[PDB]
Amino acid sequence: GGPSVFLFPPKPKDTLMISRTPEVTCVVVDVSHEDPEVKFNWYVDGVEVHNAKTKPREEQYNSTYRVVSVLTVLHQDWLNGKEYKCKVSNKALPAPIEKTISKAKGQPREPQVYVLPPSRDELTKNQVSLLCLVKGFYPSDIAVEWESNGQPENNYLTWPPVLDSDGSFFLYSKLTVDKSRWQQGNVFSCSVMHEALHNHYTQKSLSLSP
Amino acid sequence: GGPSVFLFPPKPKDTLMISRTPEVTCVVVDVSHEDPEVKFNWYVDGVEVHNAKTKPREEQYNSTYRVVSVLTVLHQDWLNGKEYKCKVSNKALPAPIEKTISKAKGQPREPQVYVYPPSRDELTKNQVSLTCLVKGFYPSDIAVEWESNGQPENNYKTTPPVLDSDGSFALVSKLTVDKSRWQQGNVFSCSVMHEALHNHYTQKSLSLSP
Ligand SMILES: *[C@@H]1O[C@H](CO[C@@H]2O[C@@H](C)[C@@H](O)[C@@H](O)[C@@H]2O)[C@@H](O[C@@H]2O[C@H](CO)[C@@H](O[C@@H]3O[C@H](CO[C@H]4O[C@H](CO)[C@@H](O)[C@H](O)[C@@H]4O[C@@H]4O[C@H](CO)[C@@H](O[C@@H]5O[C@H](CO)[C@H](O)[C@H](O)[C@H]5O)[C@H](O)[C@H]4NC(C)=O)[C@@H](O)[C@H](O[C@H]4O[C@H](CO)[C@@H](O)[C@H](O)[C@@H]4O[C@@H]4O[C@H](CO)[C@@H](O)[C@H](O)[C@H]4NC(C)=O)[C@@H]3O)[C@H](O)[C@H]2NC(C)=O)[C@H](O)[C@H]1NC(C)=O
Ligand SMILES: *[C@@H]1O[C@H](CO[C@@H]2O[C@@H](C)[C@@H](O)[C@@H](O)[C@@H]2O)[C@@H](O[C@@H]2O[C@H](CO)[C@@H](O[C@@H]3O[C@H](CO[C@H]4O[C@H](CO)[C@@H](O)[C@H](O)[C@@H]4O[C@@H]4O[C@H](CO)[C@@H](O[C@@H]5O[C@H](CO)[C@H](O)[C@H](O)[C@H]5O)[C@H](O)[C@H]4NC(C)=O)[C@@H](O)[C@H](O)[C@@H]3O)[C@H](O)[C@H]2NC(C)=O)[C@H](O)[C@H]1NC(C)=O
């Protein structure tokens with residue numbers, strides 16, 4: 001069995017924040033010792049680009065090399081729906097394998113973000129639940145984070161988006177905080193990043209109301 | 001080659017609610033046109049039963065037959081972890097197919113159920129979201145439903161359950177109601193059904209203060 005190619009997209013968050021650097025990653029596995037050479041061609045909307053970076057081959061414990069090329073994408077190219085093509089050629093192949101990736105299609109919809117304090121009934125436990133409901137968004141690529149006092153929160157979990165009856169996605173994120181911190185008046189913030197937000201980011205805060 | 005067999009568990013609401021009737025379902029597809037006869041053996045912890053009823057086979061568009069055998073299960077057997085085995089016999093099967101199924105394993109933990117009123121921010125919109133958080137449950141089989149003044153309110157979606165940071169599951173269900181109904185004081189309740197609850201059932205309610 002000849003070599004195989006897997007093509008990976010930027011992290012949504014990397015495409016949304018200008019300070020980060022999104023990458024499309026082209027991975028070849030099952031390369032042979034007899035046919036070690038692997039070259040990469042990269043196309044954006046069909047037009048060859050030359051600026052990628054290809055690491056040196058590496059041998060897997062199974063006696064094949066794995067070779068990785070990384071293309072840096074511009075934020076707005078990705079967001080503008082450009083198609084990234086990895087073409088991987090190698091003498092153990094009848095013809096060079098081409099792969100193509102790009103952002104999910106569909107009209108963007110701006111998320112609404114709402115935060116909700118813990119239920120009265122929970123105010124009895126050792127830890128409590130702060131909720132961030134994000135709804136009405138499209139496409140489903142999104143990042144949701146929590147923080148407090150200039151530091152991230154650890155213990156949150158955020159369910160996968162699902163498709164809401166009206167054609168858009170929603171999700172929640174649950175932050176658990178020991179009741180003391182909550183009772184002591186610490187402010188907690190849910191940050192949302194999504195291409196259809198202004199600045200690709202919004203944040204909503206809440207704290208105990210006495 | 002030949003037929004393949006898939007074995008499906010009862011709906012959770014059906015195992016939890018004693019008036020309802022839970023079924024295990026044994027499905028066979030790619031049954032041949034020339035050896036279309038299929039024989040089912042059903043076992044519960046090894047003992048054969050003889051109460052299943054076979055649907056009459058059904059032609060699929062793709063030229064193959066699909067055959068269903070449905071076994072009615074006792075609520076308490078399923079809940080006590082009895083294993084259900086379906087054995088399928090076809091001419092094209094050098095050997096009968098065996099599949100086994102039983103309820104998800106794990107020490108049951110009782111869910112805590114909380115209900116969140118709409119965010120003050122949302123009150124400005126025409127529709128508002130009511131939120132039901134159910135957390136700390138084990139296993140993940142559960143059924144969550146909304147009602148008001150006794151009637152099903154089905155304009156809601158529920159995230160699938162996902163592990164929380166203690167090995168238990170959590171889930172959130174969102175009910176969307178016209179803002180008019182909310183401020184008018186109608187009461188809304190989240191019904192939750194789970195093997196680790198008392199009588200397998202509880203209901204929490206919310207409404208806007210007169
Ligand atoms: C010819 O056609 C037939 C029929 O196809 C139909 O018509 C054709 C012509 C096409 O148009 C096609 O599009 C149409 O669908 C083909 O049959 C299909 O074959 C494939 C396999 O090749 C089947 O694939 C498996 O599907 C499982 C899930 O199926 C359910 O959900 C799908 C939709 O998501 C439905 O289509 C099915 O009907 C099943 O739906 C469920 O039905 C249950 C019984 O009715 C319901 O439960 C009962 O419901 C009643 C009331 O309804 C009561 O509630 C009862 O109490 C209750 O019991 C249930 O609600 C319902 N669920 C849903 C969601 O709707 C997959 O689970 C399965 O995946 C596993 O196995 C795969 C192996 O192929 C593997 O790749 C996966 O990784 C996964 O592996 C498993 O993992 C589990 C862990 O959970 C392990 O425990 C397992 O061991 C492991 N399996 C392994 C490794 O063995 C398959 O993907 C497909 O379902 C089937 N379609 C049918 C029957 O409609 C046929 O293939 C065609 N032939 C040819 C040559 O083309
Ligand atoms: C020979 O062995 C090779 C390599 O296997 C390794 O070594 C062997 C000896 C064993 O020790 C293995 O334990 C070890 O993995 C093996 O190759 C593998 O081949 C199979 C198919 O045959 C590949 O399976 C595919 O996997 C696809 C998804 O893979 C992702 O997730 C898996 C974990 O589930 C990882 O193992 C993969 O590395 C890969 O991880 C993803 O990597 C991409 C690109 O680096 C990440 O995207 C980038 O992330 C960075 C941040 O770091 C930036 O954000 C970039 O912007 C972004 O692009 C991505 O985040 C990450 N994801 C995760 C979850 O970590 C799957 O879709 C396919 O369907 C398929 O199942 C397998 O992955 C591959 N292993 C590799 C490439 O490492 C050969 O098959 C063996 N040959 C034989 C003959 O046995």
*Using only Cα atoms, locate the centre of segment B:123-140 and the centre of segment A:151-177, then give the distance between them in Å, rounded to an integer.*
11
*For segment B:1-71, what is the convex hull volume of its Cα atoms per residue in Å³?*
120
*asked:* What are the ³J(HN,Hα) couplings of segment A:67-83, residue after residue, when phi is run through the Karplus curve with 6.51, -1.76, 1.60 and θ = phi - 60°? Round to Hz, x for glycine and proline.
replied: 10, 10, 10, 10, 9, 7, 10, 7, 2, 6, 5, 4, 5, 6, x, 5, 9
*Which one of B:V27, B:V128, B:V49 has the biggest mean-square fluctuation once chain B is modelled by GNM with Cα springs under 10 Å?*
B:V49
_Percent of C-alpha pairs per 10 Å bin, segment B:47-183, short to long_ = 9, 25, 22, 22, 15, 6, 1
*Most exposed first by the Cβ proxy, i.e. fewest other Cβ within 10 Å, how do B:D45, B:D77 rank?*
B:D45, B:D77
*asked:* Report the Cα centroid-to-centroid distance between segment A:41-101 and segment B:33-87 in angstrom, as an integer.
replied: 49
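Could you line up B:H50, A:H200 from fewest to most neighbouring Cβ atoms inside 10 Å? Before the final figure, lay out each step's value.
Working: B:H50 6, A:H200 19.
Least crowded to most crowded, the residues run B:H50, A:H200.
What shape does the protein assembly as shown have by the C-alpha gyration tensor, where a ≥ b ≥ c are the square roots of the eigenvalues, rounded means a/c under 1.5, and otherwise prolate means a/b greater than b/c and oblate the rest?
Working: a/c = 2.08, a/b = 1.03, b/c = 2.01.
Oblate.
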*Reachable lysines, given that their alpha-carbon falls under 16 Å from the alpha-carbon of B:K99 and they are not under 8 places away in the same chain*: B:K39, B:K82, B:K85, B:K87
*Using a Gaussian network model of chain A with C-alpha springs under 10 Å, which one of A:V44, A:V187, A:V88 is most mobile by mean-square fluctuation?*
A:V187
*Along each of its three principal axes, how wide is the spread of alpha-carbon positions in segment B:103-210, in whole angstrom units, largest first?*
44, 27, 21
_Sequence-distant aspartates and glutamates (8 or more away, or on other chains) whose Cα lies within less than 12 Å of B:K135_ = A:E122, B:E110, B:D164, B:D166
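Summing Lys, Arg as +1 and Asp, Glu as -1, what charge do residues with Cβ under 12 Å from the Cβ of A:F8 carry, A:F8 excluded?
0
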_Label-point gap, in nm, between B:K55 and B:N199 - each point 7 angstrom along Cα→Cβ_ = 3.5
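Read-outs throughout are calculated quantities, based only on the coordinates presented, and are distinct from any laboratory measurement. When we count neighbours, we look across all protein chains shown, and the Cβ atoms used for this are built from the backbone with ideal geometry, even at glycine.
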